[PDB]
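Next up: a single chain in C-alpha cells, the form deposited in one PDB entry.
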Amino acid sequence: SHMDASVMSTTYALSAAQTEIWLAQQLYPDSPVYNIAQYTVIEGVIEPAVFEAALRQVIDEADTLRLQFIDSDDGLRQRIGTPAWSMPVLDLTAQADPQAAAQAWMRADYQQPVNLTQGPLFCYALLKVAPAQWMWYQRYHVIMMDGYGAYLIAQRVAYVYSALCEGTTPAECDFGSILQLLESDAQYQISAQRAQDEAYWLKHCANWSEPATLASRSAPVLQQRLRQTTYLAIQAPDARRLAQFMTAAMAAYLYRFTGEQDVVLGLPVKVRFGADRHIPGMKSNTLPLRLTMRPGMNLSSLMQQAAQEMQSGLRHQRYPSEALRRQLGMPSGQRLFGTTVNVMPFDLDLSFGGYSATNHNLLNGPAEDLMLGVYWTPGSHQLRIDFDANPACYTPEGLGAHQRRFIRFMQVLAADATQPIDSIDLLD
C-alpha cells in the first residue's frame, strides 16, 4: 500500500536511546513511568497571553516539541509534525488549599497514559496559587525530552517571556534542530567511535555481579516512583566532585547494608558533546560505575575510585547501557546496576519578566529499583536529595528510614574523610 510507503518516505528512524525507550514502554503500554515533569514557581505576576506567545515561540525554536510518532513495518518512526496543543490556565486562589489543588491537578496530568502516536507528548499549563504566585507546569515523555533538554527549554521560555514583557525582540535562539541530533546519532551507530566505546565497556564490565541493592526483591517497574525528599545544607566542590561524593557515599551505604564489595551503580550522563549541547531532545544515557569495597577504605579512597571511573569512562559515554547488556550476553531482565546516582547540577533559578522563579522536579523517569536524585544549583549552599524507588520494592516508611540513615551516614563520612566506612555507626 502506498500509504505505508509514504510513511517510510516522510519519517526518520528513532535514535538508539529512543528505541530503548520505545521497547521498554511497549512492555507496559499503560505504565506512565516514562514521563518527566517539573514545575517552575514564579514569585510575581504572569500575563498568560504573553506566556502563551513565549511558548509558541519556543515550540518553533525547539523542534523536538513538534515531533510526531507514526507506527511502521520497521517499528516506530518520527517526523517534524503539527501537534495539537493548548495551555490550560487555572486560577486556584479561591480554593481552600490552592497549593494542594495545584499539586493534584499536575499529578492528574502526569499520571495520564501517553500514547506515542496520538499525543500530546508534552503539556504546559499555568496555575495561579496565590496573589503573585504562579506555577508553570511542564511534562514530557522521555522519548522526546531528557532532563538537560527540559532545563534548556525552561531557560529559553523565561528569556523569551522576559523580552516579550519588556516589548523587545528576543535575541536569536541558539538551538540546533532535532533532525541534526538524529542524523548525528545515526552516524554514531555505524561509526568507529562506537566500536571503541563498545570495546571499552565490554572490558570494563566483563565480570559482573548481580547488583547490590537495599530491596528484598527485584521487579520491573510498572508504577510511578515512591519519592522521599530531603533538603540538605551543603556544609554536610563542583558537579564532578559532588557526583564522586554521592556515588562513593551510596556505594559505602550499600556495602554496609548488604556486605557486597563489588558495587556497580548507574550514573546518568548527558551525552551532549559539541553541537548537541544546544539541541533540546532525548540524549541521556546511564553508565555502569564500579566501586570495589576494599578492606579498610575510607571516603577518600572511594572518591579516588569514583574519580578514576569517571575520568576513564566519560569519554565513552555514548554507548547505550542497554546495548552493553545485550553484548555482554546478560540474561533477560538482569540489570548491570540496581541503584542509580543521578546528579543534576542544573541551575534551578529563572527570571520571568523581572520576577524570581525556581524549578522543582515532579517526575524523573522510571525507578527500576532505587534512584538517588540530587538537584544542585552550582555554587548554591543547598541540595535537594530525592530517593525515588520502585513501589514493588520499597515502602514509603522504609524508604524514609533509608534516606534518614543515608543522610546521617553521608554527613559522618564528610566529617572525617580518613575514617574507615566499616568504623561508622549507622542509625538503624
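One-based numbering along the sequence shown. Rigid core here is just the name for the largest C-alpha set that superposes within 1.5 Å across the two forms.
Just so it is clear, the following notes concern the form deposited in another entry, a form of the same protein that is not shown.
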Conformational change between the shown form and the other one, one of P268, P320, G338, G353, C-alpha moving 2 Å or more after core fit: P268
Core-superposed comparison between the shown form and the other one, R294 Cα displacement 2 Å or beyond: no
State yes or no: after fitting on the rigid core, is the Cα displacement of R256 between the shown form and the other one at least 2 Å? no
Is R277 one of the residues whose Cα moves 2 Å or more between the shown form and the other one, with the core superposed? yes
So the Cα-Cα distance between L383 and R272 shifts by 3 Å or more in the other entry; is it shorter or longer than what we see here? closer
So the CA-CA distance for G274 and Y188 moves by at least 3 angstroms in the other entry. Closer or farther than here? farther
